[PDB]
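Okay, structure first, notes after.
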Amino acid sequence: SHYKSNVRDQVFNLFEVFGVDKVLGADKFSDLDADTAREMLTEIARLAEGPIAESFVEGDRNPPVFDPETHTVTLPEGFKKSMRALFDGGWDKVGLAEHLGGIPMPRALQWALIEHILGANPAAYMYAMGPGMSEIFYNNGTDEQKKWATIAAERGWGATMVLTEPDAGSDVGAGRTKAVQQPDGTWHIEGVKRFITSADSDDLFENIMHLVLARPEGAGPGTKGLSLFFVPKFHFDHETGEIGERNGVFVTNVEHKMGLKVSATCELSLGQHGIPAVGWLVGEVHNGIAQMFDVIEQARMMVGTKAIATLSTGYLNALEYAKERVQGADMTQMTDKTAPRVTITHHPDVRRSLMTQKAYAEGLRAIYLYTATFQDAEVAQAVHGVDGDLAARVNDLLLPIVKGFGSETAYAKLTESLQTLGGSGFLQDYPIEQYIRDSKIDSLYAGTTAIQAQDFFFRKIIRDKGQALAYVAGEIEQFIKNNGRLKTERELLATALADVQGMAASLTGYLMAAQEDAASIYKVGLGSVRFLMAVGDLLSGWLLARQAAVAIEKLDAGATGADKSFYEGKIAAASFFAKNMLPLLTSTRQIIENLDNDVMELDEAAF
Amino acid sequence: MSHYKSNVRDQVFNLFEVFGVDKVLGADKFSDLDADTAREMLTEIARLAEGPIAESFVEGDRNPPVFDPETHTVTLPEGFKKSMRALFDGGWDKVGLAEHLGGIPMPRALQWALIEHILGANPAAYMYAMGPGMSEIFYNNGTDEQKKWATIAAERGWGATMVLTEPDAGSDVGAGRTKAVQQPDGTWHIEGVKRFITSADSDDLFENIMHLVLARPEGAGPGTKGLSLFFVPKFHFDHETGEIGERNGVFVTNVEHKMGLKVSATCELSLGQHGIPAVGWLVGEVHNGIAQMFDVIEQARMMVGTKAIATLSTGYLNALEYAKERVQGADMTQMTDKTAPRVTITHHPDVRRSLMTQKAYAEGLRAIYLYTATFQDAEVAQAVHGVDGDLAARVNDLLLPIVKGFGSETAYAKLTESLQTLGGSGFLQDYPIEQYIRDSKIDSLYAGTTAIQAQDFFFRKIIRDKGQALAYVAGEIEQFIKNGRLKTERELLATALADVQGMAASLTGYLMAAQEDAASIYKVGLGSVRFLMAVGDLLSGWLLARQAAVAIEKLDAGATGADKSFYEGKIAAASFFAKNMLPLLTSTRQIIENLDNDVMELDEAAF
Ligand SMILES: CCCCCCCCCCCCCC(=O)SCCNC(=O)CCNC(=O)[C@H](O)C(C)(C)COP(=O)(O)OP(=O)(O)OC[C@H]1O[C@@H](n2cnc3c(N)ncnc32)[C@H](O)[C@@H]1OP(=O)(O)O
Ligand SMILES: CCCCCCCCCCCCCC(=O)SCCNC(=O)CCNC(=O)[C@H](O)C(C)(C)COP(=O)(O)OP(=O)(O)OC[C@H]1O[C@@H](n2cnc3c(N)ncnc32)[C@H](O)[C@@H]1OP(=O)(O)O
Ligand SMILES: Cc1cc2nc3c(=O)[nH]c(=O)nc-3n(C[C@H](O)[C@H](O)[C@H](O)COP(=O)(O)OP(=O)(O)OC[C@H]3O[C@@H](n4cnc5c(N)ncnc54)[C@H](O)[C@@H]3O)c2cc1C
Ligand SMILES: Cc1cc2nc3c(=O)[nH]c(=O)nc-3n(C[C@H](O)[C@H](O)[C@H](O)COP(=O)(O)OP(=O)(O)OC[C@H]3O[C@@H](n4cnc5c(N)ncnc54)[C@H](O)[C@@H]3O)c2cc1C
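Taken in sequence, the protein lines are chains B and A. Under the deposited numbering, read the first sequence as residues 2 to 483, 487 to 611, first letter to last. Under the deposited numbering, read the second sequence as residues 1 to 483, 488 to 611, first letter to last.
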C-alpha cells in the first residue's frame, strides 16, 4: 500500500474542467457513460493500490535473474501475480480498439486509468503494452498482418520496440542491424540491439512480438533508410495462432539498473546463434521510422504519465507523513522552549514544500489530461472546438512537454517529498527513495530531454509554422483577458506568457541568424531545454488557474465538506504557483536573450 | 582508474594562487610543513583515494553491512575493511589532529582538501575514521583525568559516534527523553534508545568505540539546555594503561536499509536495555551538553558539505570523460545533412551547457568550502584576510550552513546533469553516477536538514550576529566589484549582491514586524531556504570571478599548455555562471518581497 491514488482530482479534470463527459454515451462512446467512467477509475485504483502495488517493493529487492544459456529471465512470483491481476481485469485492453477486444474510450480516460498502474508498479504496465502494440501493428499492417495482429491481441502476446544499438541511441539513423531479403518475401534480421525493455518476460506470455528497425541491404543511410519488421519470439501458425518453433532472436544480457529493476532491459541478438531471425516487413512497405514513431509517440506519452503518477503518490505519501509527524514548536513560539510540540505541517518550510509538490503534481496531471483531450478528433471537437488536423498538431506539440517537462519535474520535486520525511526519507522502509530511483530513467528512455527540446522547437514549432503553439497561446490569452479574485494570478500569467513569447522570438532570431552565421544555431540548442521547461511552467500555471476558476464557482454555489477542502486547495495551489514559480521565467527570458557562443568556442581541454 | 577522479590541481590553485594559504606554511604552528610538502600530501592522499579507498566503493554498496542479532554486532564487507586499513596504515585518520595527540599540524584549509579525496572515493571510509578527531574534542572539553583517557583513545585509534537522535527527537534535539542517573561513585547510568547512529558498531575495525551521548540528568530542565554530554565507551577500560576490559551496556539492536551510503552502518543504539548498565562519564564534569556537542556538530556539518562537493566533482569528471569519448549525432550546424560526420557529444550545445553547469558549480563549491576553511584558523584568517580571531569565528559560523545546506542541495541537484550526460548508460550501475546520487541524497538530511541549515543561517548566524559576519563578506564582494574583460561579470555580481541585500532586508522586516503581528514570522520560514541558496549562488559567482581574475593575470604572464587550458576554463566558468545562474536571483528577490501567509492559513485538509 505504498501507492496513494487521486481519482477525485482525475474526475475533477476530466469532467468539471475539460468536460470529457460531453462525448460519453454518444457516437464512438455510445456504450460507456459518465457513471461507468467513474467506476472504472475507482476500480482500477483499488486494484492498483492492492494487488498491483503489492509487489512494487519485491520487484526492486528481488529483481529478475538472467539465465544466459536459456536466454530467459525469471521474474519474482509476486510481480507475476500482479501481472495476472492486471490481465484478469482486462486492464491491458483499456482503450484498445473494439475489433481487437477493447472497450472504446476517450484517450483522456484511458490515460487516467493507466496512471494508477504507472503509480503502483510502472514496469507492470510496460510489460502489458503488447495489445497496444498489436493495434499499432494492425493499423500499419497488410490485410494478412492484420490477421496476425488480431490473434496477438486476443492471446495477449507481449511486445517490444527495438531501435537502440550501442552506437545508435539518440541517433537512431546510425543503426547497423541489417535485413536480408529472402526469395519468399520474408527477411532475415542480423544485428545486436541494446537496452530493449521486456525483450524477455519469463512465462507471462506465450509469445513476444519484437518490432525491429533494421536497414535493408543496399538501402540509404540515416533513419530514412530504415525499415520496420515484425519479429516474433516464436514462429506461429498464421491461421490459428498456435505457437511453433523458436525464432532466432535471443536475449544475451540483462542490465543492472539504478531503478525500474523488475523491468528486464536486455541486449537482443538477432540471427547470431545459428538460427535466422525471420522478420516480416510491416505493411510490406519501406517506411520504418515513420511507422515506429506511432510507437514512439505512445511511449513518450506513457513515460511522462509515469513520471507524473510517481510524483503524485510521492506527494501523497509525504503529505500523510507530515500530518502525523510531531517535531518542534510553532515558529510563533520558537523562543519559548516549553511550548507545545506541533505536527510538521505547521512549519512554513514544510508547507512551502508540500504546496510545491502539490501544485506541480496537480499541474502535471492537468497537462497530460489536457494533452489527451487532443488525441481523439471527436473529443477535440466537443471540448475545444478544434478540427482533426489542428488537434493532431497540438497533441504533437504537447508530447515533448508531457515527456520532457514531466520527467524532469517529477524527479526534481520528488526531492521535496523525500525531504518532508526527514531522515526516514532516506530509508527503504518508505517508498520515496524507490520513486526517485525508478523515475530517474524517465528523462532518458523514449528520447532524452535534450532530444525532447529539439523536437519541440524544430519540428513541433518551426516546421509546424507555429500553428499549434499559436492556438495554445490564444487559449492562454483568452483566459487572461476574461470575478476579480483571480486578478493577481492573471497578471502573473500575462507576464509569464509574454516571457515565453520572448523566449520563442529570441530562439527564432538565433535560427534565422544561422542563415548568415551557421554557428548561431548553437544558441538555440543552448536555450532549447530551458525553453521547454518554461512552456511547461506556463501551461501548469494556466491550467491550475483554470482549475481555480472552476473551484471558485463551485465554492460560491455552496460546496461543503471534503469538496470545499478540495476546491480550496485548488485556489491555493494556483495562487502559489503563480507567485512562486512563474516569475522565474522573466529571468530565464533575459538569460535566453543574452546567450552567446563562448561556451561553444571554449577548448575541450579547458573543461 | 577507479570510479574516483581527483582534482588536486584545482585544490592547489585555490589554496595557493587564490587564497594564499601558503603564506602561513613554514612558520609558527606550521613551522615544519612547507608548501612543497603540502602539495605532496594532497597528491599522495589523492592516489590513496583513487586506489585502495575507491576500490571498495562499489563493494560496500553491493555487499552491504549485516546486523548479527546473535551478538549485537555489525559485520562489514572484507574489501571495505581493507580500504580502512590502507587509510590507518598511512596515518590519514590523524589529518589535522593536534600534535600532542600524534597529529601533524596544518591549516584547516589543507586538512579539508586532504579529506575531500576520501569523501570522493568512499565517504563512509572517512566517517568511520573520525574517532581521533572525536578524541580531540573530548580532550578539549574534558577534565584533566579525561584528557588522559582521550589521549589513550587517540593513540589507540578507537572509533567514535555522536549520539543525539531518538525516534521522537531529530531536528528537535531538545525533545529527547534518554536519561542519566548519577551513581554513588560519580558515574552515570545512561538509559534510553537512540536512533540513526552512524558507525554505532563497526565490526573489528577498532578495539573500542567512544559513544558521545546526549542525555537528560534526572531532575534537569527541559529542551536542549537541560541536556548533558556523556562519554560512554563500548568497552570499559583501564583509565591509566588503556587495557580493554568489560563490555559496557550499549548495544546496537538494528541496522537500517538505506537508499545509499549503504556501507556506513546506521544503527539503533540501546543504552542500559540488555541487562548491564551503560556507564557514562560527564564530559568535563559540567552540565553543558548541547554546547559541548555542537563542537562536534560543527565538524559534522563541514564534513557533509565537503562530502557533497567531493561527490559532485568526481561525478562531473566522470561525465566529462564519458562525453569526450562518446560519438553520437552530427554537429548542430549540419542538422539537415544526414550524411554529415558523426561527432563526440561535447560538440552538442546542451551537453556543453550541461558540463559547464557541472563545472562551474563543482569548482565554485570547492572555492566555498576552502574559503570557509581559511576562517577556521586564527593565523590563516589574519594572514590571508587580515581579520582577527573573533570576526574569523563569526564568519566561519556564518558559512557553515552554506557549505552544508547549499553544498548538500546543489551537489545532488547537479549530479542529475552528470548522469544525464551519459544518456541511458547513466542509469546503469556499471557507471558510478547513480551511486553518487544515492550516496549523496542523505547530505541534505543528517547533520541537520536543509531547513534547519537555513534557520540557523538567518536566525543565529545573521540576526543574533547583528549582521557583522554577513556585512564583512558583503564588503569583500563589493570590493571586488569596485576593482575590463571582467566588466560584465562585475556588473552581474553587483545586481546579484543588491538582490541578496533585498532578500535580507525583506526577511528582516518580516521578522521584526512579528512583534505586532505574530504570524509575520512565517514569511521568514517561507523564504529562509531560498535565501540560503541565493547567498550560495552569490558566493559561487563571486569566488569564480575572483578565480578568473587570477587566471587572467596568469595568462597575461604567459601560461602555456595544460596550465593555460586550466586558466581558460576558469574564465569561461565565471562568465557562464554570472550570465546563467546569477540573474535568477532577481526574480527570487521579487518572490521573496511578495511572500504572503495564504499557504499558512489554508486548512491542512485542502492539501
Ligand atoms: C505502445 C507499444 C509499445 C510496445 C512495447 C514497448 C513497451 C516498453 C516501453 C519502453 C519505454 C521507452 C523505450 C524506448 O526508449 S524505445 C527507443 C526510443 N528512441 C528515441 O526516442 C529516439 C531519440 N532520438 C530522436 O528522436 C532523434 O531526434 C531522431 C528522430 C531519431 C533523429 O533522427 P533524424 O534526424 O533522421 O529525424 P528527422 O527530424 O530528420 O525526421 C526523420 C523522420 O522521423 C519521423 N519523425 C521524427 N520526429 C518525429 C516525431 N516527433 N513524431 C513523429 N515522427 C517523427 C518523421 O517520419 C521524419 O520524417 P519527415 O521529417 O519527412 O516527416
Ligand atoms: C568530528 C567528530 C565526529 C565523530 C562522529 C563520527 C560520525 C560523524 C559522521 C555522521 C554524519 C551524521 C551526523 C549526525 O546526523 S548527528 C545529529 C545531527 N543533529 C542536528 O544537527 C540537530 C538539527 N537541529 C538543530 O540544529 C536545531 O536547530 C537545534 C539547535 C537543535 C534546535 O534546538 P534549540 O531550539 O534548543 O536551539 P537554540 O537555537 O535555542 O540554541 C540552543 C543552544 O544550542 C547551541 N547551538 C545552537 N546552534 C548552534 C550552532 N550553529 N553552533 C554552535 N552552537 C549552537 C548553543 O549552545 C545554544 O545555546 P545559546 O543560544 O545560549 O548560545
Ligand atoms: C532503462 C532503459 C530502457 C530502454 N528501453 C529501450 C527499449 O525498449 N527500446 C529501445 O529502442 N531503446 C530503449 N532504451 C534506449 C534509450 O532510448 C536510449 O538510452 C536513449 O535514447 C538515449 O540514448 P543513449 O543511451 O545511446 O545516449 P546518447 O544518445 O549517447 O546520449 C548521450 C548524451 O548526449 C546527448 N545528445 C546526444 N545526441 C544529441 C544531440 N543531437 N543534440 C544534443 N544532445 C545530444 C544526450 O542528450 C545525452 O545527454 C532504453 C534505455 C534505458 C535507460
Ligand atoms: C543516514 C543517517 C545517519 C544519521 N546519523 C546520525 C548520527 O550518527 N547521530 C545522530 O545523532 N543523528 C544521526 N542522524 C539523524 C539525523 O540527523 C536526523 O534524521 C535529522 O536531524 C532529521 O531528523 P528527523 O529524521 O527526525 O526529521 P524531522 O525532524 O522529523 O524532520 C522532518 C521534516 O520536518 C522538517 N522540520 C522539522 N523541524 C522543523 C522546524 N522546526 N522548522 C521547519 N522544518 C522543520 C525537516 O526539515 C524535514 O523536512 C542520521 C540520519 C541519517 C538519515
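Just so it is clear, CB atoms sit at the ideal spot from N, CA and C, and this is done for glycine as well.
Check	Outcome
Assigned secondary structure, B:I197 (DSSP; H/G/I helix, E/B strand, else coil)	strand
Distance between A:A509 and A:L391 (C-alpha atoms, nearest Å)	22 Å
Short Cβ contact (7 Å threshold) for B:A308 with B:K23	no
Where the stretch 410-434 of chain B meets chain A: residues whose CB sits under 8 Å from a CB there	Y412, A413, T416, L419, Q420, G423, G424, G426, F427, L428, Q429, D430, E434
Option in B:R47, B:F57, B:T73, B:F611 with minimal Cα separation from A:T357	B:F611
Opposing strand residues paired with B:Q505 [DSSP bridges]	B:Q505 is not bridged to any residue.
Straight-line gap, B:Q376 to B:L398 (C-alpha atoms, nearest Å)	12 Å
Chain-ordered neighbours of B:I595 on chain A, where CB pairs are closer than 8 Å	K583, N584, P587, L588
Contact set between the stretch 307-328 of chain A and chain B, restricted to residues whose Cβ is under 8 Å from the partner	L320, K324, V327, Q328
Contacts around B:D68, its chain only, beta-carbon distance under 8 Å, and the 5 residues preceding and following it disregarded	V74, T75
Which residues DSSP lists as bridging A:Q299, in chain order	Paired residue(s): none; A:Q299 is not in a bridge.
Cβ-based burial, B:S2 [other Cβ within 10 Å; buried from 16]	exposed
Contacting positions in the stretch 348-361 of chain B - beta carbon closer than 7 Å to chain A	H348, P349, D350, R352, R353, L355, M356, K359
Heavy atom of ligand 1 within 6 Å of B:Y446 beta-carbon	yes
A:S440 beta carbon near ligand 1 (any heavy atom closer than 6 Å)	no
Residue of A:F57, A:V304, A:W546, A:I115 minimising C-alpha distance to A:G475	A:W546
Proximal residues of chain A, C-beta to C-beta of B:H257 below 8 Å	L428, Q429, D430
Cβ neighbour criterion (16 or more within 10 Å) applied to B:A38	buried
Rounded separation between A:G389 and A:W112 - CA only	20 Å
Cβ distance (whole Å) where residue 695 of chain A is taken to contact A:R195 below 8 Å	The displayed coordinates of chain A run from 1 to 611. Any statement about residue 695 of chain A would go beyond what the structure contains.
Test: A:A200 CB closer than 7 Å to a CB of chain B	no
Test item: CB-CB of B:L515 and A:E256 under 7 Å	no
Integer-rounded CB distance, given that A:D93 should sit under 8 Å from A:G142	Not quite, the Cβ-Cβ distance comes to about 20 Å (not below 8 Å), so this is no contact.
Option nearest B:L496 by Cα separation, candidates B:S532, B:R9, B:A578	B:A578
Residue-chain proximity (B:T346, chain A), Cβ-Cβ < 7 Å	yes
Status (buried if at least 16 other CB within 10 Å, exposed otherwise) for A:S31	exposed
Where B:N601 falls: helix, strand or coil (DSSP)	coil
Any non-hydrogen atom of ligand 4 closer than 6 Å to A:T449 Cβ	yes
Which listed residue (A:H117, A:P105, A:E70) has its alpha carbon closest to that of A:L42	A:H117
Residue closest to A:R62, alpha-carbon to alpha-carbon, out of A:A175, A:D439, A:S524, A:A469	A:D439
Bounding residues of the beta strand (DSSP E) (the contiguous stretch that carries B:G159)	159-163
Straight-line gap, B:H348 to A:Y322 (C-alpha atoms, nearest Å)	43 Å
Inter-stretch contact at 8 Å, needing at least 3 Cβ pairs: the stretch 258-265 of chain B / the stretch 233-242 of chain B	no
Best match in A:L365, A:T374, A:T372 for proximity to A:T410 [C-alpha to C-alpha]	A:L365
Pairwise C-alpha distance: A:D238 and A:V252	23 Å
Neighbouring residues, chain B, relative to A:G529 (Cβ below 7 Å)	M332, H348, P349, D350
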